[PDB]
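Peer 1: Dropping a structure here in structure tokens format, bear with me for questions.
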Amino acid sequence: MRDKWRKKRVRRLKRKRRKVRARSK
Amino acid sequence: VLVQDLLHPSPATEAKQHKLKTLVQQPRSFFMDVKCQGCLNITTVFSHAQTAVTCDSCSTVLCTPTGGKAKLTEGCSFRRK
Amino acid sequence: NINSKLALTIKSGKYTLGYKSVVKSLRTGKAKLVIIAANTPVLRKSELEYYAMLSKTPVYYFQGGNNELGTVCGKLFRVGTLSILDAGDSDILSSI
Amino acid sequence: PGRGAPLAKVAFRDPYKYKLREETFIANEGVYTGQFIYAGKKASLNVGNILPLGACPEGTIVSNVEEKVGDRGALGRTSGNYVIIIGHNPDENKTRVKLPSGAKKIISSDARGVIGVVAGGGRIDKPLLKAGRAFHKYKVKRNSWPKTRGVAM
Amino acid sequence: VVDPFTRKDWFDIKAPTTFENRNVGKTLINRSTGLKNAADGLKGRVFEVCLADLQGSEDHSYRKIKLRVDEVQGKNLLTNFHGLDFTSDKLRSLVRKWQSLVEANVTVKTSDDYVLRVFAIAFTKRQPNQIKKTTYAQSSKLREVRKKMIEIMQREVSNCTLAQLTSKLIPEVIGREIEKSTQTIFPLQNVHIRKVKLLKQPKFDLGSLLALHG
Amino acid sequence: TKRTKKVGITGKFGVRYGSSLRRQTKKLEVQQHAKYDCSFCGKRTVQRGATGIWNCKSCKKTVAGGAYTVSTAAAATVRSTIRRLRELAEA
Amino acid sequence: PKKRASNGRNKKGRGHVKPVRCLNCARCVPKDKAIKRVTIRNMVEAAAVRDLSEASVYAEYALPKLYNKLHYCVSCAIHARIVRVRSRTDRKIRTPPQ
Amino acid sequence: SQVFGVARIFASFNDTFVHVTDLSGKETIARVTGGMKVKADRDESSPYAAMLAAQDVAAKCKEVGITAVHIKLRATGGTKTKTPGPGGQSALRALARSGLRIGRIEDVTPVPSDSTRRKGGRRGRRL
RNA sequence: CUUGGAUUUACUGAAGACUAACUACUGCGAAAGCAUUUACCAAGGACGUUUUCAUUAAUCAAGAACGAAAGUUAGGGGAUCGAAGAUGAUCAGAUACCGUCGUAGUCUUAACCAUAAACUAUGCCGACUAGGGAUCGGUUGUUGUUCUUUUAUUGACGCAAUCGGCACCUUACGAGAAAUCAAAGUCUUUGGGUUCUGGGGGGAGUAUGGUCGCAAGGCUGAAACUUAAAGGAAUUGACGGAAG
Ligand SMILES: [Mg+2]
Ligand SMILES: [Mg+2]
Ligand SMILES: [Mg+2]
Ligand SMILES: [Mg+2]
Ligand SMILES: [Mg+2]
Ligand SMILES: [Mg+2]
Ligand SMILES: [Mg+2]
Ligand SMILES: [Mg+2]
Ligand SMILES: [Mg+2]
Ligand SMILES: [Mg+2]
Ligand SMILES: [Mg+2]
Ligand SMILES: [Mg+2]
Ligand SMILES: [Mg+2]
Ligand SMILES: [Mg+2]
Ligand SMILES: [Mg+2]
Ligand SMILES: [Mg+2]
Ligand SMILES: [Mg+2]
Ligand SMILES: [Mg+2]
Ligand SMILES: [Mg+2]
Ligand SMILES: [Mg+2]
Ligand SMILES: [Mg+2]
Ligand SMILES: [Mg+2]
Ligand SMILES: [Mg+2]
Ligand SMILES: [Mg+2]
Ligand SMILES: [Mg+2]
Ligand SMILES: [Mg+2]
Ligand SMILES: [Mg+2]
Ligand SMILES: [Mg+2]
Ligand SMILES: [Mg+2]
Ligand SMILES: [Mg+2]
Ligand SMILES: [Mg+2]
Ligand SMILES: [Mg+2]
Ligand SMILES: [Mg+2]
Ligand SMILES: [Mg+2]
Ligand SMILES: [Mg+2]
Ligand SMILES: [Mg+2]
Ligand SMILES: [Mg+2]
Ligand SMILES: [Mg+2]
Ligand SMILES: [Zn+2]
Ligand SMILES: [Zn+2]
Ligand SMILES: [Zn+2]
């Protein structure tokens, strides 16, 4: 896939990890 | 040119070189004796003068500074010292 | 430009700084020039130039305030007015 | 109290009898104590002066403008607000102005106004932060605070 | 259904005496009725006619004059000067590459209080012996020429009435003086007053206008 | 020492009201408690009374200003605009 | 690899050049990179230059020209044959076609 | 001599306007468009439709008394193309060949001084 | 959208943007960037200099200033384009390309962000090695040239030198895998000074910790595991809804 969209996919997926981890803050 | 006399360059081509690019660097400027038309008083003036030089007798400007050589006013004759 | 001429007078000549000194110097005729800051009160200003008119002293109106007039004179304080008693190496008197 | 704009007390002489008249003007920003205020048709374009609308060129910033000739000020009286003069119609003796709400109004050119912006502007930029601050704000205005929601009654 | 052209009345357009061929042409308007007169709804019209037509000569083919009607006398329309402009093609033919274009404008009022904006344009001239491809003037010279343009337009307009100026515009008096005045700054070519706009007119004086019509 | 890292004067409000309201308050409340330079005597002795009121301790001149600064940008713009428009009218 | 020493534009000793819109597709293209052609065409086609001169009320009236400067992006120009693909050695030639 | 109108011809790439006014331009004498002569949108700007449009304009001009016109051709201008449409060339030739007399000719396209932003986006219209 | 007069036409007015043509293998700036006039404010390179000081210097972890666009916060503005969104088409399907509307945004004032193929994919200082014609800035000698004004002390142009720039053309002593390079040369005949970075391809700029940020995100940054290639330049062919 396009390198720019692969980075966007990971950025959106990094966003999910942060929100999920925040549950157990 | 593989062989060339670097120690004795032709004085014609030596004079076309930049002032810092001669064998021994030498200024191309000089000092002048300026006769204003109004009176007769020796005043030594640098060729590339940056000052509006005035003669002692009458407060009249002899030269105006420029980018390079100073420009002598009308009626002023110079002789290189 | 006038600032450079005034700075030389402070370095070499004689002067008084302040309203009380300037009025005394106008009374004795020892003043050569009176310099008034831009933000000087008009009542004090119109009185200072009445003393100078009587004393026959030219007055120069500085363009900056008393904060800027002090630092031109090399001072760390405010100068609302000053009088030049002796213009020394400078030629401020010849340029008004 | 109750006003965001400070008020200025300006003393004039009475033209007809030996007496001082103290007027209460809305202070424009830059007006100082001891300043001379000039009011009339022939007054000059200086901050704090009161001029007829026809004597001010387009783009003149003016405050405490009269809605009607001689009502002594109706428009642009709160802190930070002003009126911009848009243009003139000298044949009908009328002037177009822009009000703080953004509305364009046509006023008689003989109506007067005070040059400048009303002082105290920028007041709304700060949060009140407390119910008590609003209590004290309306303590010298009127009984309009606090408001119960009609849906909760 | 009605053929609205049966109710139209034709009027003749007369140019001021500053031009030669004063018979500009014809216009029409709804015929004067009881409610609305034809006269009042007819004044204020602007006609754009080529200056070559107003003078016969084709040397003025690149200038077009706006004429404003401001008095009606029967079937004759008494027009006045409303503006000046160049044709679009003439300007496009003057703006070449490898040269500098310099423009200036100034707002100035005439003797009779006609407020105008006058636009001047000029180009650098290539010398007959010039070898280099381009003809560029240094920005300092262009500032002096631009300054020279403004003070000439200001001088030659405020000292005369609008009618004399109209007689000045036709032979490029101002353009010839700018070229002469800037000779010591930089050689110039195609010095033209490329546009004149009327901004403000004085209070209407029918007697002054009537003198401009014979 | 430095007592607070960032709250500064709004440390009097503790943890209440929200950080955005406290940092917005801090900006405007430093300005309203500052000392400004007097245009009359030249000293930096001008302080606010109520909103729009700015007094000088030295020469006792009071000037009408903004709610939280002696002069707002809008007034400075109007001051130069009026100065400019005054020149044309008076030639 | 690098195809052209000029990078397909005319930017040397410069950081940024403001863009222009292609006449054909309105694509933003830098001013130095755009393929520019200056055209001075007769406003009336040669078939009609006679009858329009006869219909003219002016004896010996010269018809004005139509002056236009056209700006194209790379895709529009190649498609419209404004520029063509040249051989590797012929690309370097930048004199106007004879 | 002749009685002049002004033929304001607006020739875009989707239509062709043949509009004759008086000298002032405030009075319209005849306005026939290429779209009044055809029922297909694709050839509203065709040269054939412009010639028919010009002929109807010339016929209307004759019965009102207009014997000659000045030509002010224009394109769409603005942010769009400055070249005139295909119908502008036909309407001019048709007017000259219809017995009408021709005066001055000028291009009056609205040409900006670098103005507002043009439809299509940064990447243009992709086809 | 239109007989409720659309579109078009002339005249007039109001808003915001933006500075066409002149505009170039031209200029300036550390870079990002900078294009209407004039005024004001403070800078800058080059050139000229028989002025002055005398090693004050070169490159630089840490740390600072600036940093397109987009984006964030709060006011103001909101003409035009226009993410999102809504819509008409096309299609097998089309949330898209195309068309019509359109909100944030686009502009501005105070703060944030600190990223771009932020490119010359090419660090900076110093020396040398090769010819040529153009061009910008400065200086110095000189015309069958035009012009102030009639000429000079006008300005332009022309011919030579030179220093500095933006570039370009030819050659290859020399380099390179080649494409190509006046530097990418003076490198097995290997050392002028100095900063930063890479060590097969992925996993991966991922996880985690730290730090900056209001957020979006920025900086620093692994490992497990997997694989015999991945990749660069060029040649021939094949193919192309590319050109001749
Ligand atoms: Mg969940
Ligand atoms: Mg003091
Ligand atoms: Mg009331
Ligand atoms: Mg209550
Ligand atoms: Mg409630
Ligand atoms: Mg409520
Ligand atoms: Mg209840
Ligand atoms: Mg001169
Ligand atoms: Mg303590
Ligand atoms: Mg390729
Ligand atoms: Mg540079
Ligand atoms: Mg860049
Ligand atoms: Mg760039
Ligand atoms: Mg190109
Ligand atoms: Mg159509
Ligand atoms: Mg149609
Ligand atoms: Mg139809
Ligand atoms: Mg395509
Ligand atoms: Mg330039
Ligand atoms: Mg421009
Ligand atoms: Mg930005
Ligand atoms: Mg941005
Ligand atoms: Mg933004
Ligand atoms: Mg906003
Ligand atoms: Mg749109
Ligand atoms: Mg959509
Ligand atoms: Mg839907
Ligand atoms: Mg659908
Ligand atoms: Mg990066
Ligand atoms: Mg690049
Ligand atoms: Mg040179
Ligand atoms: Mg000699
Ligand atoms: Mg001169
Ligand atoms: Mg000169
Ligand atoms: Mg590796
Ligand atoms: Mg993982
Ligand atoms: Mg945080
Ligand atoms: Mg390959
Ligand atoms: Zn002497
Ligand atoms: Zn004070
Ligand atoms: Zn395109």
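Labeling convention for the structure tokens: chains A, B, ... as they appear, residues from 1 per chain, ligands from 1 in order of appearance.
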Residue 43 in chain E: which residues within 12 Å, counting only C-alpha atoms (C1' of nucleotides), same-chain residues fewer than 3 positions away excluded, as a PDB file with N, CA and C atoms (P, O5', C5', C4', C3', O3' and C1' of nucleotides), in the first residue's frame?

Peer 2:
```pdb
ATOM      1  N   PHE E  11     -33.052  60.324 -30.207  1.00  0.00           N
ATOM      2  CA  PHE E  11     -32.383  61.575 -29.879  1.00  0.00           C
ATOM      3  C   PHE E  11     -30.999  61.586 -30.512  1.00  0.00           C
ATOM      4  N   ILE E  13     -26.955  62.714 -30.403  1.00  0.00           N
ATOM      5  CA  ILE E  13     -25.866  62.935 -29.457  1.00  0.00           C
ATOM      6  C   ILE E  13     -24.871  63.928 -30.048  1.00  0.00           C
ATOM      7  N   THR E  27     -29.234  57.912 -30.127  1.00  0.00           N
ATOM      8  CA  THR E  27     -29.710  57.000 -29.093  1.00  0.00           C
ATOM      9  C   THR E  27     -31.232  57.051 -29.054  1.00  0.00           C
ATOM     10  N   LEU E  28     -31.820  56.193 -28.224  1.00  0.00           N
ATOM     11  CA  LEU E  28     -33.264  56.148 -28.061  1.00  0.00           C
ATOM     12  C   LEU E  28     -33.595  55.938 -26.592  1.00  0.00           C
ATOM     13  N   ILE E  29     -34.854  56.207 -26.254  1.00  0.00           N
ATOM     14  CA  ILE E  29     -35.350  56.058 -24.892  1.00  0.00           C
ATOM     15  C   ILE E  29     -36.860  55.934 -24.992  1.00  0.00           C
ATOM     16  N   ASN E  37     -40.885  61.897 -17.548  1.00  0.00           N
ATOM     17  CA  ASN E  37     -40.324  62.599 -18.687  1.00  0.00           C
ATOM     18  C   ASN E  37     -39.161  61.793 -19.258  1.00  0.00           C
ATOM     19  N   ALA E  38     -38.983  61.895 -20.576  1.00  0.00           N
ATOM     20  CA  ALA E  38     -37.852  61.248 -21.237  1.00  0.00           C
ATOM     21  C   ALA E  38     -36.539  61.933 -20.884  1.00  0.00           C
ATOM     22  N   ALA E  39     -36.593  63.229 -20.576  1.00  0.00           N
ATOM     23  CA  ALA E  39     -35.382  64.011 -20.360  1.00  0.00           C
ATOM     24  C   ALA E  39     -34.619  63.556 -19.121  1.00  0.00           C
ATOM     25  N   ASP E  40     -35.304  63.438 -17.983  1.00  0.00           N
ATOM     26  CA  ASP E  40     -34.615  63.151 -16.724  1.00  0.00           C
ATOM     27  C   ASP E  40     -34.031  61.741 -16.699  1.00  0.00           C
ATOM     28  N   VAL E  46     -23.820  57.295 -20.519  1.00  0.00           N
ATOM     29  CA  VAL E  46     -22.413  57.367 -20.894  1.00  0.00           C
ATOM     30  C   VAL E  46     -22.238  56.672 -22.236  1.00  0.00           C
ATOM     31  N   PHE E  47     -21.620  57.368 -23.184  1.00  0.00           N
ATOM     32  CA  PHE E  47     -21.332  56.812 -24.498  1.00  0.00           C
ATOM     33  C   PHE E  47     -19.824  56.673 -24.651  1.00  0.00           C
ATOM     34  N   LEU E  67     -18.365  59.745 -23.020  1.00  0.00           N
ATOM     35  CA  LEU E  67     -19.084  61.011 -23.038  1.00  0.00           C
ATOM     36  C   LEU E  67     -20.349  60.882 -22.202  1.00  0.00           C
ATOM     37  N   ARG E  68     -20.516  61.784 -21.239  1.00  0.00           N
ATOM     38  CA  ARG E  68     -21.655  61.761 -20.329  1.00  0.00           C
ATOM     39  C   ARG E  68     -22.627  62.877 -20.687  1.00  0.00           C
ATOM     40  N   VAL E  69     -23.867  62.504 -20.983  1.00  0.00           N
ATOM     41  CA  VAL E  69     -24.919  63.474 -21.267  1.00  0.00           C
ATOM     42  C   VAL E  69     -25.432  64.056 -19.954  1.00  0.00           C
ATOM     43  N   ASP E  70     -25.498  65.385 -19.879  1.00  0.00           N
ATOM     44  CA  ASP E  70     -26.004  66.029 -18.673  1.00  0.00           C
ATOM     45  C   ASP E  70     -26.907  67.220 -18.978  1.00  0.00           C
ATOM     46  N   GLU E  71     -27.342  67.390 -20.226  1.00  0.00           N
ATOM     47  CA  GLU E  71     -28.363  68.368 -20.581  1.00  0.00           C
ATOM     48  C   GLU E  71     -29.001  67.949 -21.897  1.00  0.00           C
ATOM     49  N   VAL E  72     -30.328  68.051 -21.962  1.00  0.00           N
ATOM     50  CA  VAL E  72     -31.094  67.742 -23.164  1.00  0.00           C
ATOM     51  C   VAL E  72     -31.848  68.982 -23.638  1.00  0.00           C
ATOM     52  N   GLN E  73     -31.742  69.275 -24.935  1.00  0.00           N
ATOM     53  CA  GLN E  73     -32.384  70.431 -25.570  1.00  0.00           C
ATOM     54  C   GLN E  73     -33.130  69.923 -26.805  1.00  0.00           C
ATOM     55  N   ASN E  76     -31.523  67.000 -29.124  1.00  0.00           N
ATOM     56  CA  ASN E  76     -30.069  67.046 -29.075  1.00  0.00           C
ATOM     57  C   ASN E  76     -29.592  66.713 -27.670  1.00  0.00           C
ATOM     58  N   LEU E  77     -28.545  65.899 -27.582  1.00  0.00           N
ATOM     59  CA  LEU E  77     -27.940  65.541 -26.305  1.00  0.00           C
ATOM     60  C   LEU E  77     -26.604  66.252 -26.151  1.00  0.00           C
ATOM     61  N   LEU E  78     -26.476  67.032 -25.081  1.00  0.00           N
ATOM     62  CA  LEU E  78     -25.270  67.804 -24.793  1.00  0.00           C
ATOM     63  C   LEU E  78     -24.427  66.991 -23.819  1.00  0.00           C
ATOM     64  N   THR E  79     -23.376  66.363 -24.328  1.00  0.00           N
ATOM     65  CA  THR E  79     -22.539  65.485 -23.529  1.00  0.00           C
ATOM     66  C   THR E  79     -21.318  66.238 -23.013  1.00  0.00           C
ATOM     67  N   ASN E  80     -20.678  65.653 -22.004  1.00  0.00           N
ATOM     68  CA  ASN E  80     -19.453  66.186 -21.431  1.00  0.00           C
ATOM     69  C   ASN E  80     -18.451  65.049 -21.279  1.00  0.00           C
TER      70      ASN E  80
ATOM     71  N   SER H  24     -25.125  53.925 -25.853  1.00  0.00           N
ATOM     72  CA  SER H  24     -24.904  53.930 -24.410  1.00  0.00           C
ATOM     73  C   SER H  24     -24.810  52.517 -23.855  1.00  0.00           C
ATOM     74  N   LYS H  26     -27.448  51.070 -22.639  1.00  0.00           N
ATOM     75  CA  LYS H  26     -28.565  50.953 -21.715  1.00  0.00           C
ATOM     76  C   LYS H  26     -29.845  50.484 -22.397  1.00  0.00           C
TER      77      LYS H  26
ATOM     78  P     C I  11     -20.495  51.268 -18.459  1.00  0.00           P
ATOM     79  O5'   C I  11     -21.283  52.159 -17.402  1.00  0.00           O
ATOM     80  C5'   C I  11     -21.690  53.484 -17.700  1.00  0.00           C
ATOM     81  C4'   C I  11     -22.662  53.980 -16.660  1.00  0.00           C
ATOM     82  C3'   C I  11     -22.196  53.868 -15.217  1.00  0.00           C
ATOM     83  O3'   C I  11     -21.344  54.929 -14.833  1.00  0.00           O
ATOM     84  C1'   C I  11     -24.397  53.040 -15.395  1.00  0.00           C
TER      85        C I  11
END
```

Peer 1: Counting only C-alpha atoms (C1' of nucleotides), what is within 10 Å of range 63-68 of chain F, bar same-chain residues fewer than 2 positions away, as a PDB file with C-alpha atoms, in the first residue's frame?

Peer 2:
```
ATOM      1  CA  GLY D   4     -18.517  48.824  32.066  1.00  0.00           C
ATOM      2  CA  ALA D   5     -17.608  52.234  30.668  1.00  0.00           C
ATOM      3  CA  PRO D   6     -16.145  54.855  33.018  1.00  0.00           C
ATOM      4  CA  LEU D   7     -17.792  58.264  33.083  1.00  0.00           C
ATOM      5  CA  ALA D   8     -16.065  61.649  32.811  1.00  0.00           C
ATOM      6  CA  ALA D  27     -15.307  58.661  28.690  1.00  0.00           C
ATOM      7  CA  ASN D  28     -13.636  57.801  25.410  1.00  0.00           C
ATOM      8  CA  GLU D  29     -10.317  55.981  25.619  1.00  0.00           C
ATOM      9  CA  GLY D  30      -7.401  58.406  25.721  1.00  0.00           C
ATOM     10  CA  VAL D  31      -9.322  61.168  27.505  1.00  0.00           C
ATOM     11  CA  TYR D  32      -7.411  62.371  30.568  1.00  0.00           C
ATOM     12  CA  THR D  33      -8.052  64.603  33.563  1.00  0.00           C
ATOM     13  CA  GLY D  34      -7.286  68.224  32.750  1.00  0.00           C
ATOM     14  CA  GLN D  35      -7.881  67.686  29.028  1.00  0.00           C
ATOM     15  CA  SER D  79     -17.224  49.979  26.844  1.00  0.00           C
ATOM     16  CA  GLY D  80     -15.171  49.227  23.723  1.00  0.00           C
ATOM     17  CA  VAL D 117     -13.907  54.604  21.303  1.00  0.00           C
ATOM     18  CA  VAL D 118     -15.694  54.173  24.628  1.00  0.00           C
ATOM     19  CA  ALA D 119     -13.168  53.299  27.321  1.00  0.00           C
ATOM     20  CA  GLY D 120     -13.103  50.013  29.237  1.00  0.00           C
ATOM     21  CA  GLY D 121     -13.172  47.706  26.221  1.00  0.00           C
ATOM     22  CA  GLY D 122     -12.081  44.101  26.341  1.00  0.00           C
ATOM     23  CA  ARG D 123     -14.059  43.472  29.533  1.00  0.00           C
ATOM     24  CA  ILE D 124     -15.747  40.317  28.171  1.00  0.00           C
ATOM     25  CA  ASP D 125     -12.412  38.658  27.365  1.00  0.00           C
ATOM     26  CA  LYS D 126     -12.050  37.606  31.049  1.00  0.00           C
TER      27      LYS D 126
ATOM     28  CA  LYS F  27      -3.172  36.344  30.674  1.00  0.00           C
ATOM     29  CA  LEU F  28      -5.614  39.204  31.260  1.00  0.00           C
ATOM     30  CA  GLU F  29      -5.054  39.470  35.016  1.00  0.00           C
ATOM     31  CA  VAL F  30      -1.304  40.059  34.757  1.00  0.00           C
ATOM     32  CA  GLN F  31      -2.102  42.920  32.384  1.00  0.00           C
ATOM     33  CA  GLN F  32      -4.660  44.566  34.669  1.00  0.00           C
ATOM     34  CA  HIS F  33      -2.318  44.520  37.703  1.00  0.00           C
ATOM     35  CA  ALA F  34       0.775  45.729  35.822  1.00  0.00           C
ATOM     36  CA  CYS F  38       2.953  57.533  32.161  1.00  0.00           C
ATOM     37  CA  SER F  39       2.748  59.542  28.952  1.00  0.00           C
ATOM     38  CA  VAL F  46       0.362  53.935  36.066  1.00  0.00           C
ATOM     39  CA  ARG F  48      -5.659  50.501  37.179  1.00  0.00           C
ATOM     40  CA  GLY F  49      -8.510  51.621  39.375  1.00  0.00           C
ATOM     41  CA  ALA F  50     -11.749  50.201  38.044  1.00  0.00           C
ATOM     42  CA  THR F  51     -12.037  49.072  34.421  1.00  0.00           C
ATOM     43  CA  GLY F  52     -11.090  51.810  32.012  1.00  0.00           C
ATOM     44  CA  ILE F  53      -9.486  53.902  34.770  1.00  0.00           C
ATOM     45  CA  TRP F  54      -5.693  54.202  34.902  1.00  0.00           C
ATOM     46  CA  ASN F  55      -4.057  56.481  37.471  1.00  0.00           C
ATOM     47  CA  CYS F  56      -0.496  57.730  37.851  1.00  0.00           C
ATOM     48  CA  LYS F  60      -1.884  62.307  39.786  1.00  0.00           C
ATOM     49  CA  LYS F  61      -3.134  62.246  36.196  1.00  0.00           C
ATOM     50  CA  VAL F  70      -4.001  51.344  29.635  1.00  0.00           C
ATOM     51  CA  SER F  71      -4.444  51.361  25.861  1.00  0.00           C
ATOM     52  CA  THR F  72      -6.138  48.847  23.604  1.00  0.00           C
ATOM     53  CA  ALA F  73      -4.964  48.154  20.077  1.00  0.00           C
ATOM     54  CA  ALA F  74      -8.269  49.428  18.692  1.00  0.00           C
ATOM     55  CA  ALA F  75      -7.795  52.788  20.407  1.00  0.00           C
TER      56      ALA F  75
END
```

Peer 1: Any chance you could tabulate, as CSV, the residues of chain E at most 12 Å from chain G with each one's nearest atom pair and distance in Å to one decimal, using only C-alpha atoms, in chain and rising number order?

Peer 2:
```
residue,atom,partner,partner_atom,distance
E:52,CA,G:58,CA,11.0
E:53,CA,G:58,CA,10.1
E:56,CA,G:58,CA,10.3
E:57,CA,G:58,CA,11.2
E:58,CA,G:61,CA,8.4
E:59,CA,G:61,CA,11.5
E:61,CA,G:61,CA,9.7
E:62,CA,G:64,CA,9.9
E:87,CA,G:64,CA,9.8
E:88,CA,G:67,CA,9.2
E:89,CA,G:64,CA,6.6
E:90,CA,G:64,CA,8.3
E:91,CA,G:67,CA,9.5
E:92,CA,G:67,CA,6.1
E:93,CA,G:67,CA,7.0
E:94,CA,G:67,CA,10.4
E:95,CA,G:67,CA,10.1
E:96,CA,G:38,CA,10.4
E:97,CA,G:38,CA,10.4
```

Peer 1: Restricted to C-alpha atoms, what would the selected residues look like written as a JSON list (two decimals), in the first residue's frame?

Peer 2:
```
[["chain", "number", "residue", "atom", "x", "y", "z"],
["E", 52, "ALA", "CA", -10.35, 58.52, -33.97],
["E", 53, "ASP", "CA", -14.05, 58.95, -34.71],
["E", 56, "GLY", "CA", -11.40, 61.77, -38.20],
["E", 57, "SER", "CA", -7.70, 60.90, -37.98],
["E", 58, "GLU", "CA", -6.78, 57.25, -37.40],
["E", 59, "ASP", "CA", -3.86, 58.28, -35.15],
["E", 61, "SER", "CA", -7.62, 54.73, -33.01],
["E", 62, "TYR", "CA", -6.25, 53.34, -29.73],
["E", 87, "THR", "CA", -8.23, 49.91, -26.34],
["E", 88, "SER", "CA", -7.35, 46.51, -24.90],
["E", 89, "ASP", "CA", -5.43, 45.38, -27.99],
["E", 90, "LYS", "CA", -3.16, 48.46, -28.04],
["E", 91, "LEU", "CA", -2.01, 47.83, -24.47],
["E", 92, "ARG", "CA", -1.46, 44.15, -25.15],
["E", 93, "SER", "CA", 0.66, 45.04, -28.19],
["E", 94, "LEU", "CA", 2.89, 47.35, -26.12],
["E", 95, "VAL", "CA", 3.76, 44.96, -23.27],
["E", 96, "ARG", "CA", 6.65, 42.95, -24.73],
["E", 97, "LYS", "CA", 9.29, 40.84, -23.05]]
```

Peer 1: Quick one: residues within 8 Å of ligand 4, with only C-alpha atoms (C1' of nucleotides) and all ligand atoms, as a list in words?

Peer 2: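 My answer, listing the contacting residues, is residues 143, 144, 145, 146 and 147 of chain D.
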
Peer 1: Pull N, CA and C atoms from the residues just selected and write them as a short mmCIF file (atom, residue, chain, number, x, y, z; two decimals), in the first residue's frame.

Peer 2:
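Saved as selection-v5.cif:
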```
data_model
loop_
_atom_site.label_atom_id
_atom_site.label_comp_id
_atom_site.auth_asym_id
_atom_site.auth_seq_id
_atom_site.Cartn_x
_atom_site.Cartn_y
_atom_site.Cartn_z
N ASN D 143 -32.36 42.99 39.56
CA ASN D 143 -32.65 41.64 40.03
C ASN D 143 -33.05 40.79 38.83
N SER D 144 -32.03 40.30 38.11
CA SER D 144 -32.25 39.45 36.95
C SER D 144 -31.41 38.18 37.02
N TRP D 145 -30.71 37.94 38.12
CA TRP D 145 -29.81 36.82 38.27
C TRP D 145 -30.03 36.24 39.66
N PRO D 146 -29.97 34.90 39.81
CA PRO D 146 -29.81 33.87 38.78
C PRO D 146 -31.11 33.52 38.06
N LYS D 147 -31.03 32.76 36.97
CA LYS D 147 -32.20 32.38 36.17
C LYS D 147 -32.46 30.90 36.38
#
```

Peer 1: Mind listing the residues within 10 Å of ligand 28, only C-alpha atoms (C1' of nucleotides) and all ligand atoms counted, as a list in words?

Peer 2: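 The residues near ligand 28 are residues 87, 88, 89, 90, 94 and 95 of chain I.
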
Peer 1: Write down, as an MDAnalysis selection string, each residue of chain E that has any atom within 10 Å of an atom of chain I, counting only C-alpha atoms (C1' of nucleotides).

Peer 2: chainID E and resid 44:47 91:92 94:106 123 125:132 134 137 141 143 146:147 180:188

Peer 1: Those same residues - C-alpha atoms - I'd like them written as a short mmCIF file (atom, residue, chain, number, x, y, z; two decimals), in the first residue's frame.

Peer 2:
```
data_model
loop_
_atom_site.label_atom_id
_atom_site.label_comp_id
_atom_site.auth_asym_id
_atom_site.auth_seq_id
_atom_site.Cartn_x
_atom_site.Cartn_y
_atom_site.Cartn_z
CA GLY E 44 -26.43 60.50 -16.98
CA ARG E 45 -26.01 58.11 -19.91
CA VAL E 46 -22.41 57.37 -20.89
CA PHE E 47 -21.33 56.81 -24.50
CA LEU E 91 -2.01 47.83 -24.47
CA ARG E 92 -1.46 44.15 -25.15
CA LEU E 94 2.89 47.35 -26.12
CA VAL E 95 3.76 44.96 -23.27
CA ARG E 96 6.65 42.95 -24.73
CA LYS E 97 9.29 40.84 -23.05
CA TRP E 98 12.94 41.80 -22.49
CA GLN E 99 11.95 45.29 -21.32
CA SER E 100 10.76 47.07 -18.18
CA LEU E 101 7.19 48.35 -17.75
CA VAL E 102 6.66 51.37 -15.46
CA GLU E 103 3.25 52.71 -14.35
CA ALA E 104 2.08 55.63 -12.23
CA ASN E 105 -1.21 57.19 -11.15
CA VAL E 106 -2.20 60.32 -9.23
CA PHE E 123 8.45 51.52 -21.45
CA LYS E 125 13.63 52.36 -25.04
CA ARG E 126 16.25 50.23 -26.75
CA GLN E 127 19.10 52.36 -28.07
CA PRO E 128 19.92 52.12 -31.79
CA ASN E 129 23.42 50.83 -31.00
CA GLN E 130 22.32 48.52 -28.16
CA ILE E 131 23.63 44.94 -28.37
CA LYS E 132 22.29 43.23 -25.23
CA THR E 134 17.06 42.96 -22.68
CA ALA E 137 16.21 49.99 -15.98
CA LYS E 141 15.70 55.01 -12.02
CA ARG E 143 11.32 55.25 -8.91
CA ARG E 146 7.52 57.26 -11.48
CA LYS E 147 8.11 60.31 -9.28
CA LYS E 180 11.29 65.06 -22.48
CA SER E 181 11.51 65.44 -18.70
CA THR E 182 12.87 61.91 -18.18
CA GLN E 183 15.53 62.10 -20.89
CA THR E 184 18.25 62.61 -18.28
CA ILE E 185 16.92 59.68 -16.22
CA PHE E 186 16.41 56.94 -18.84
CA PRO E 187 15.43 56.74 -22.52
CA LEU E 188 11.70 56.03 -22.78
#
```
